[PDB]
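> In the entry's author numbering, the protein residues as written are 1 to 36.
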Amino acid sequence: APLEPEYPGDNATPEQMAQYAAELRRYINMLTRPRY
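Here's what the structure looks like:
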């Protein structure tokens, strides 16, 4: 209930996407956790 990232929808501009990807990356990080 990272509620989630947010994604515009496509491509906001030639980077957003980048940004955006960074946001979920964090997201996963957070959930995964490994443990172990």
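Just so it is clear, CB atoms sit at the ideal spot from N, CA and C, and this is done for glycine as well.
In angstroms, rounded to a whole number, what distance separates the CA positions of residue 31 and residue 9?
Taking the straight line joining both Cα atoms gives about 23 Å.
> Given residue 23, which residues of its chain have a CB within under 6 Å of its CB, disregarding the five upstream and five downstream residues?
Same-chain partners within the cutoff: 5.
> If the criterion is Cβ atoms closer than 8 Å, does the pair residue 7 and residue 27 meet it?
Not closer than 8 Å, so no.
> Near residue 16, what residues of its chain come up, given a Cβ to Cβ distance below 7 Å and the 5 sequence neighbours on each side ignored?
Same-chain partners within the cutoff: 8.
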